[PDB]
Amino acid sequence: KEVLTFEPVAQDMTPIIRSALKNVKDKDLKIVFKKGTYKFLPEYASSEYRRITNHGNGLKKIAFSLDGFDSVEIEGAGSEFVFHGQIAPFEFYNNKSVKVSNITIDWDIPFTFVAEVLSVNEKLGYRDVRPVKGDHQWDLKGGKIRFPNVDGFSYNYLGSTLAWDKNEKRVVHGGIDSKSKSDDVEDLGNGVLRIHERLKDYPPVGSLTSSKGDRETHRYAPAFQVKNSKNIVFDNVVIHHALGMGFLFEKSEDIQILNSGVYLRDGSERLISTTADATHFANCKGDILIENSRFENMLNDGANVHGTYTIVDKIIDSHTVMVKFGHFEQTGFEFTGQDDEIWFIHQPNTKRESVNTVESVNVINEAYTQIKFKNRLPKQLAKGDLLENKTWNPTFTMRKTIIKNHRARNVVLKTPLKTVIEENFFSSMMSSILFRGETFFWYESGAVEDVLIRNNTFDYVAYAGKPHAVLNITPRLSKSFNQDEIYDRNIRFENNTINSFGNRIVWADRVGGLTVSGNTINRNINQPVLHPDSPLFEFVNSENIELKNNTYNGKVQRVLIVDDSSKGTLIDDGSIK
């Protein structure tokens, strides 16, 4: 077992880490840093081609690459790691044990463009903004905004854009995603720019506008990428910035995120923490635990545990099938391997039909995968059918965690195993707890079968411009399948406290078995209703839904909209009338 210790010696700690890690020999490694501020530039960092799920594949500059260890541990001892430019901070590949603790990750210059809106003129089609200085970087060239101008990199445009409250640093009431692609930006002095373009929906005056950049290149790498690893623990790990997601896990087992978080540094002038999901679990298995954590100010979901839906392309023989990935950012994923159990899904039935076990895998390219099974393939297997990995599905538990003030759903649950969401504080612009089985555009599996959401606090939920709800069960499946079959099952929403401004509470679609009990709804938020006459609960094409011992306080609101199919099995004790 080797133990490497480091001090803040040089202004760029990348070459020292690269050389020390390159000469490691044993399979048990521990790295200790004396508490200080370490800076890492990508200029002299190692470069490898990487396949990153829900990110863009390509050549990556990597600061910490740890591959093949029996156990690897990184002790930061409260150190702060400052990164620069387009770089991947940490990569943990093929490790039977991973532990990172007591560390803070940030960038010297963030890859965002934040500006305060001064005035908006919809008639002429321009907006006057004052960019926040802080540690942001930007300039003008060719009548176009260039940012962040780090190591010669700059996005073509501001890209997708959102309005934020300057005081609370959260998405504004009724805020929606803007897309800024302006070609004419003027400098009026005063540190004020006039951006010429006719937006569909303009940001409010006084709000702060966030911009991540071009959609094609802003997902460079997550702060942490864990691939094919087991027994991973993150303890007291804070992420202030990342050119992508915060914690990304691919095909891993027994993951723990404790006392960690992704949020803004207090006293700073930053608006966004991570440009993508805070935590992400793609086809993991074993157990996943998130406890005593805090995720805010991300540009995407707080958590998404899900698997991959692959599409049958061709039948090779009686035991071999070739599948294709559905989403462009899913190509290169390690879908399956030997001894994996796989669910077969035949059009137009959305349910898991049969199970088979993989014998071998022949990867043709990043898009197509040839799978040979131990048993005979289903006789009805045809092109367009789906494969879902049965082995790689985790149990999920999120408790005593804070998720607020960011642009997405709070928690997205797509695992068929036992899921427990308890004792959390939640606040979401969009839906808070979302279920979206997707075979239309994202191809993310996870029809659920055991989910429990109890004793949580929901405050200021679903204040986006588009309609949402605290608990939103809305699968989006390909039209090659029937659109009225039961998809999700056995979801319980118990003993929660919802502070409402007039938002939907529960919107269920194709749920089989849904218990909404013991909840207290408090109409105590002084915010205007964005979708008038929206009911607390709406159910469509569902079965065996039960309302029981719920309480509503405040101004009256429409209670229930239900289709004739789910009404035949709905149990309503009239606790809210």
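Residue numbers run from 1 along the displayed sequence.
- When the two stretches 156-164 and 251-259 are set side by side, the higher mean Cα temperature factor goes to 156-164.
- The PDB entry reports B-factors from which the mean C-alpha value can be compared for 309-317 and 140-148; the larger average falls on 140-148.
- Highest CA B-factor among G502, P89, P378, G337, as stated in the entry: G502.
- The residue among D106, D450, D385, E116 whose C-alpha carries the highest B-factor in the deposited model is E116.
- The entry lists a Cα temperature factor for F64 that places it in the lowest third of the chain's modelled residues.
- The PDB entry assigns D128 a C-alpha temperature factor belonging to the highest third of its chain's modelled residues.
- Among all modelled residues in its chain, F425 ranks in the middle third by Cα B-factor.
- When the modelled residues of the chain are ordered by their C-alpha B factor, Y463 lands in the highest third.
- Among all modelled residues in its chain, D184 ranks in the highest third by Cα B-factor.
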